[PDB]
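Quick reminder, even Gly has a Cβ in these numbers, built from the backbone with ideal geometry, and neighbours come from all protein chains shown. Any read-out appearing in this document is the output of simple, stated calculations on the displayed coordinates, not a laboratory observation.
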Amino acid sequence: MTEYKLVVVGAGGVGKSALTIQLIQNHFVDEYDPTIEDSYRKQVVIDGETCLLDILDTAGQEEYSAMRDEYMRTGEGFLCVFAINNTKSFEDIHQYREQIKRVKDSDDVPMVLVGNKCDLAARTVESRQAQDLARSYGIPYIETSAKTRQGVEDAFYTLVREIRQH
Ligand SMILES: Nc1nc2c(ncn2[C@@H]2O[C@H](COP(=O)(O)OP(=O)(O)NP(=O)(O)O)[C@@H](O)[C@H]2O)c(=O)[nH]1
Ligand SMILES: [Ca+2]
Ligand SMILES: [Ca+2]
Ligand SMILES: [Mg+2]
Ligand SMILES: [Mg+2]
Ligand SMILES: [Mg+2]
């Protein structure tokens, strides 16, 4: 069956792991344990196609980011995650996209911009600001909450649909 290799990237603490764990394991991780590099695999049906999602959950903390570039190389699509209550994480997105372009050696890589923690009211990144950034990259913007599950499946499935357009 078709395997989609997805890679989740973004600043430390934005919720990359919580999103992936919610998708794969159907619970919310409340604590914060920084990731090195973890992978998850699950067979799912997306738009009538039985397929395997192979998801690489990467480090956002510089201290743990050792060989992230080598892990990212085989990725077919990238979820670029920031948190809507973390302006710095949003500003960091451009640099993650630059890293993606570097490791794929392409200016045309399947990606989705994800604004996570949308259950929180301490918003400093407005939807329109993120929409504009995504538009400049030619990709969709989707807001999510790993806590409530809002948009979680939608974000990952959208990324699959982006890979399918390439
Ligand atoms: N309210 C709320 N908290 C969230 C959400 N997603 C993650 N968190 C919280 O934010 C913290 C960090 O989440 P985590 O998934 O570990 O972040 P990360 O991006 O994987 N971090 P790292 O890059 O260090 O591995 C945790 O306390 C987690 O519960 C969300 O959608 N809403
Ligand atoms: Ca929990
Ligand atoms: Ca390269
Ligand atoms: Mg494949
Ligand atoms: Mg993590
Ligand atoms: Mg503002």
Could you look through region 1-32, keep only residues that are in a loop (DSSP other than H, G, I, E, B) and within 21 Å of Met72 (Cβ to Cβ), and pick out the one that is nearest to ligand 2 (Cβ to nearest atom)? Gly15
Somewhere in region 55-70, is a residue under 16 Å from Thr158 (Cβ atoms) and either within 16 Å of ligand 3 (Cβ to nearest atom) or surrounded by 12 or more Cβ atoms within 10 Å (Cβ to Cβ) (or both)? yes
Of the residues that sit in region 95-136 and are free of Cβ contacts under 8 Å to residues at least 24 places away in the same chain, assigned to a loop (DSSP other than H, G, I, E, B) and among the small types (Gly, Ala, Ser), which one is farthest from ligand 2 (Cβ to nearest atom)? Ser106
Going through region 33-52 one residue at a time, which ones are part of a strand (DSSP E or B) and of a type in the set (A, V, I, L, M)? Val44, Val45, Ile46, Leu52
Can you tell me how many residues in region 21-49 are more than 22 Å from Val103 (Cα to Cα) and either among the polar types (S, T, N, Q) or within 14 Å of the chain's Cα centre (by Cα) (or both)? 7
Of the residues in region 137-157, those that are surrounded by fewer than 20 Cβ atoms within 10 Å (Cβ to Cβ) and in a helix (DSSP H, G or I) number 4
Condition met for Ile55 (assigned to a helix (DSSP H, G or I) and under 30 Å from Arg128 (Cβ atoms)): no
Checking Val29 against (1) buried (at least 18 other Cβ atoms within 10 Å of the Cβ); (2) touching a residue at least 60 places away in the same chain (Cβ under 8 Å); (3) of a type in the set (A, V, I, L, M); (4) more than 16 Å from ligand 4 (Cβ to nearest atom), the condition it does not meet: (1)
On the given criteria, is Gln99 more than 16 Å from ligand 5 (Cβ to nearest atom), among the polar types (S, T, N, Q) and surrounded by 13 or more Cβ atoms within 10 Å (Cβ to Cβ)? yes
State whether the residues of region 105-121 include one that is more than 14 Å from the chain's Cα centre (by Cα) and crowded, with 21+ Cβ neighbours inside 10 Å. yes
